[PDB]
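Just so you know, structure 1 and structure 2 below are the same protein chain in two forms, each on its own as structure tokens.
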Structure 1
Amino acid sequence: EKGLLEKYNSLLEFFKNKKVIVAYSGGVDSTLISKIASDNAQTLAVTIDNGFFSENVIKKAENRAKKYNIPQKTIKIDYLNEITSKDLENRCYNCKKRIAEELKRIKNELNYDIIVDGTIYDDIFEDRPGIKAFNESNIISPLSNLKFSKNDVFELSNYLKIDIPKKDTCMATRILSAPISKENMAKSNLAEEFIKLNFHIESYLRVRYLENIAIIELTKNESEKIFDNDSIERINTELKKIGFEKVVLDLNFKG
């Protein structure tokens, strides 16, 4: 019903005279709200380093903030512990529940007013369990409140000259069996980079960790790129060198 300018103006009216903390991740959503908050209010983009994202990813987030003149701080957290390594069922809840607690801490030592996150309108019709953990503590989702779409976000990002980066997705999601270890996520990430580089899988690729078995996930059109037996033999041999017991391919290719 409302258009983008009305939404954009509504967004600026909200940030007026507010001390804003953005849960900044480097993604398109969070960066867009971080930039709009920086230009109209006293804003701090806080990145909580869980150990679930690669160094490249955190550096990318830090640089984007320095590029767009977003005031940004990163907090490396010792999050991986024995209670957290187990309980894989609620990892996302615990993950975001902890991040929320650190943001709330930064907010009250800084004595800022609100904390916002880049949750968009589309995200509300999903099973996002960490939005349970986040929207458990007071956490404002302004893009979601103003009915911003994925296109509304991408579109306003172009006008504001924010480059659309390629999405880096949580490494702990590759871990299908407890515990979420630093080494297990490494085992997948190396496997993913090796496959992606030697066989050029630009589209969706995943190497799941299931009890030291690597499960390769790929897209329907990328498929032929690994169908010859010399490519398969190289992947199985290299992924086992990384220490997977068996290397397998999930035959449910993404449509």
Structure 2
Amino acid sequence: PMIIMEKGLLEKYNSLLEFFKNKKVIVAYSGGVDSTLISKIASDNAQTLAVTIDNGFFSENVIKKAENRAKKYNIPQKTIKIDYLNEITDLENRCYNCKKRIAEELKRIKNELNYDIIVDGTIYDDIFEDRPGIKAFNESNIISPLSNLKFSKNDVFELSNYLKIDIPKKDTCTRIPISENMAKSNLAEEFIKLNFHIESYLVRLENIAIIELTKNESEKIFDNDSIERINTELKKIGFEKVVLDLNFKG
């Protein structure tokens, strides 16, 4: 080994090295950190083409940055345009259908170019979240090696740094109280107070319920049952997320 890194990450990296060997690899490339990492590893070790599908959901600035970032790392890259907007397909089934249309090109591109595999930049952390398009890519036989090797996001950052891939800066363009929300707050307090016998002092932003409380009550909510009930019911009041302050007051 030419880099010294933790054995866990080194095994994952080595698995990637062997997997790409002697393959012609189409990489589904979005320009982000995750798909940049695997594009660079593939291109350093195999005949590789990073393919960006421009379906109208990425601005020119984002597309240009992805192209310049591939050139910077000597990753062969092409941007292929589809007019997906004019071919519409449902309620968020757009996610699956939008991603499926991206998956369907690339599979066309892989067959036209007689390449061997398509890989993407989906990581292990991603498959625990609600991302419908992961199904859509699997249905086109697009492999997620970072997910197969159980890459966390931390593993992506560390491996990127070892391979001297810069984390891209933010476009952005920082810091971000009325009362309906006083009503939601109080009813959330009243609900938990009445149901968990939370006599002691205890719900605070952007429709997110921030709960504060003391240690003695804290042992009561630890059972998942409570949390499952507390998360659904404080969302019935319309809070989109329920969250608990780990700063237990005196």
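Counting starts at 1 with the first residue of structure 1 and goes up one by one along its sequence. Rigid core here is just the name for the largest C-alpha set that superposes within 1.5 Å across the two forms.
After superposing the rigid core, the C-alpha of residue 244 moves by 2 Å or more between the two structures.
The rigid-core alignment places the CA of residue 221 2 Å or more apart between the two structures. The rigid-core alignment places the CA of residue 230 2 Å or more apart between the two structures. On the core-superposed pair, the CA position of residue 189 changes by 35.8 Å between the two structures. After superposition on the rigid core, the Cα atom of residue 140 is displaced by 0.5 Å between the two structures.
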